[PDB]
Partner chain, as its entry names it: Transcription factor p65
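As structure tokens, one chain now follows by itself in the form solved without its partner chain.
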């Protein structure tokens, strides 16, 4: 059993606890500076014919690299997910993810999602923060998404291949992983208590 938060203690995510059984190596063994390269092969979107602007891909990749750097050094929970993902996939170069810079937040983890992406692994990010914001439910009321939480959320999708909807849990394993990590990073935003907004 690994660290958790008080907001998860009643009805913890079983799929997260199932995954904690697999990813047990919480030691820092990968170069924080190269986590972006281990994760991403190059630019790529959900639809293959649609090309990604080179300059946006560079803007997302650089901020991403810094978030992976901060997350890996401060959060033991994140290292376990990263380290395990390296043994299974990311050490192999052909099994890395495409970065859909500029496109809508999402990660191809479902058999349907891969059928929609021509069987291509994509993780779409954007910096539409500098518009209508997205909000999430907290014990302190709705809070706006910061790019740290948005990015981490989609990354946890990629490292774990888990989805947000979980039977009998209001958050799902990805949100809980995201919550655990951001707190270990010293992130102030309050935890997300439910996947769906009201």
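Positions refer to the first chain, counted from 1.
Separately, the form solved in complex with its partner chain exists; it is not shown, and the next lines address it.
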Handout entry: Position in contact with its partner chain when the complex is considered in the deposited bound form, options 169, 150, 56, 160, heavy atoms within 4.5 Å
Key = 150
Practice task
Could you confirm whether residue 85 comes within 4.5 Å of its partner chain in the deposited bound form, counting heavy atoms only?
Solution key: no
Handout entry: 4.5 Å heavy atom contact, residue 73 to its partner chain in the deposited bound form
Key = no
Handout entry: residue 107: touches its partner chain in the deposited bound form, heavy atom cutoff 4.5 angstroms
Key = yes
Problem - Distance check, residue 50 to its partner chain in the deposited bound form, heavy atom within 4.5 Å - result: yes
Problem - Partner contacts for 120 to 134, taking its partner chain in the deposited bound form and a 4.5 Å heavy atom cut-off - result: 128, 129, 131, 132, 133, 134
